[PDB]
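Read through the structure below, which is laid out as structure tokens, and then see the notes.
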Amino acid sequence: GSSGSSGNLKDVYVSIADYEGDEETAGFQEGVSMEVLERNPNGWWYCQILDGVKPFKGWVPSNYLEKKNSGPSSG
């Protein structure tokens with residue numbers, strides 16, 4: 001029973017600022033594609049950096065995330 005686009009929800013957020021990433025947290029750069037996985041009550045959410053060349057996870061600050069509703073090749 002393969003549908004296609006319909007199946008499971010997904011929240012892809014794009015970084016809107018370059019982060020350094022402490023020794024405990026993970027670092028990244030503005031312009032990466034992450035996928036919101038979990039969200040803590042403190043504000044820190046567990047995303048998944050889809051850098052491609054070197055992807056990695058790590059709780060990042062929601063403040064450094066923006067809903068990427070729009071997509072490329074829009075015309």
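Please note that chains go A, B, ... in the order of the structure tokens, that every chain numbers its residues from 1, and that ligands are numbered from 1 in the order shown.
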ask   = Among chain A, which ones does DSSP place in strand (DSSP E), written as a ChimeraX atom specification?
value = /A:11-15,33-36,38-39,44-49,56-61,65-67
Same residues, N, CA, C and O atoms, saved as a short mmCIF file (atom, residue, chain, number, x, y, z; two decimals), in the first residue's frame:
data_model
loop_
_atom_site.label_atom_id
_atom_site.label_comp_id
_atom_site.auth_asym_id
_atom_site.auth_seq_id
_atom_site.Cartn_x
_atom_site.Cartn_y
_atom_site.Cartn_z
N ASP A 11 8.38 18.19 9.55
CA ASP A 11 8.61 19.61 9.77
C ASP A 11 10.06 19.98 9.46
O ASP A 11 10.94 19.85 10.30
N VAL A 12 10.29 20.45 8.23
CA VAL A 12 11.63 20.84 7.81
C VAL A 12 11.87 22.32 8.05
O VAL A 12 11.23 23.18 7.44
N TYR A 13 12.80 22.63 8.95
CA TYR A 13 13.13 24.01 9.27
C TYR A 13 14.53 24.37 8.78
O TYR A 13 15.46 23.57 8.90
N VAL A 14 14.67 25.57 8.24
CA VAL A 14 15.96 26.04 7.74
C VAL A 14 16.62 27.00 8.72
O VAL A 14 15.95 27.84 9.32
N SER A 15 17.93 26.87 8.87
CA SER A 15 18.68 27.73 9.78
C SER A 15 18.69 29.17 9.29
O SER A 15 18.94 29.44 8.11
N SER A 33 19.63 22.53 5.86
CA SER A 33 18.30 21.94 5.88
C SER A 33 18.18 20.92 7.02
O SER A 33 18.78 19.85 6.97
N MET A 34 17.39 21.27 8.03
CA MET A 34 17.19 20.38 9.17
C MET A 34 15.74 19.90 9.24
O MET A 34 14.85 20.50 8.64
N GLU A 35 15.51 18.82 9.97
CA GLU A 35 14.17 18.26 10.12
C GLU A 35 13.80 18.12 11.59
O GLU A 35 14.30 17.23 12.29
N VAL A 36 12.92 18.99 12.06
CA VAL A 36 12.47 18.96 13.45
C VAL A 36 12.01 17.57 13.85
O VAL A 36 11.05 17.04 13.28
N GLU A 38 12.29 16.32 17.62
CA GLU A 38 11.71 16.45 18.96
C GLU A 38 11.76 17.91 19.43
O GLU A 38 12.45 18.74 18.83
N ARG A 39 11.03 18.20 20.50
CA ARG A 39 10.99 19.55 21.05
C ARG A 39 10.83 19.52 22.57
O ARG A 39 9.87 18.95 23.08
N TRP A 44 14.72 24.06 23.36
CA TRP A 44 15.66 23.33 22.51
C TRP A 44 14.96 22.17 21.81
O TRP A 44 14.31 21.34 22.45
N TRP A 45 15.10 22.11 20.49
CA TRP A 45 14.49 21.05 19.70
C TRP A 45 15.55 20.18 19.04
O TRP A 45 16.62 20.66 18.68
N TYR A 46 15.24 18.89 18.89
CA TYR A 46 16.17 17.95 18.28
C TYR A 46 15.93 17.85 16.78
O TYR A 46 14.97 17.22 16.34
N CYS A 47 16.81 18.47 16.00
CA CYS A 47 16.69 18.45 14.54
C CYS A 47 17.72 17.51 13.93
O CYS A 47 18.46 16.83 14.64
N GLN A 48 17.78 17.49 12.60
CA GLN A 48 18.73 16.64 11.89
C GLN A 48 19.35 17.38 10.71
O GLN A 48 18.73 17.50 9.65
N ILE A 49 20.56 17.87 10.90
CA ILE A 49 21.27 18.60 9.85
C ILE A 49 21.47 17.73 8.61
O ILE A 49 22.16 16.72 8.66
N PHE A 56 24.54 15.49 10.64
CA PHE A 56 24.64 15.17 12.07
C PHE A 56 23.45 15.74 12.83
O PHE A 56 22.78 16.67 12.37
N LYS A 57 23.19 15.19 14.01
CA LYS A 57 22.08 15.64 14.84
C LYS A 57 22.58 16.48 16.01
O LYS A 57 23.78 16.70 16.15
N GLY A 58 21.66 16.95 16.84
CA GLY A 58 22.03 17.76 17.98
C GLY A 58 20.99 18.82 18.31
O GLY A 58 20.62 19.62 17.45
N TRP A 59 20.51 18.81 19.55
CA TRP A 59 19.51 19.78 19.98
C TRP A 59 19.95 21.20 19.65
O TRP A 59 20.98 21.67 20.13
N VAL A 60 19.15 21.89 18.84
CA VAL A 60 19.45 23.27 18.46
C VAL A 60 18.38 24.23 18.95
O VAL A 60 17.23 23.85 19.19
N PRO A 61 18.76 25.51 19.11
CA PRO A 61 17.84 26.55 19.57
C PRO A 61 16.77 26.89 18.54
O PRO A 61 17.08 27.24 17.40
N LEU A 65 15.84 28.68 13.99
CA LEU A 65 15.07 27.87 13.05
C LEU A 65 13.84 28.63 12.56
O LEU A 65 13.16 29.29 13.33
N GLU A 66 13.57 28.52 11.26
CA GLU A 66 12.42 29.19 10.66
C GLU A 66 11.67 28.26 9.72
O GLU A 66 12.28 27.55 8.92
N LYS A 67 10.35 28.27 9.82
CA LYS A 67 9.51 27.42 8.98
C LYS A 67 9.80 27.67 7.50
O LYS A 67 9.57 28.76 6.98
#
ask   = Separation of CA of residue 28 in chain A and CA of residue 9 in chain A, in Å?
value =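 Calculated distance between CA of residue 28 in chain A and CA of residue 9 in chain A is 24.3 Å.
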note = What separates CA of residue 25 in chain A and CA of residue 37 in chain A is a distance of 15.5 Å
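From CA of residue 8 in chain A back to CA of residue 27 in chain A, the distance works out to 27.7 Å.
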query = Smallest atom-to-atom distance to residue 40 in chain A: which of A:7, A:73, A:62, A:53, using only C-alpha atoms?
reply =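 When distances to residue 40 in chain A are compared using only C-alpha atoms, the smallest one comes from A:62.
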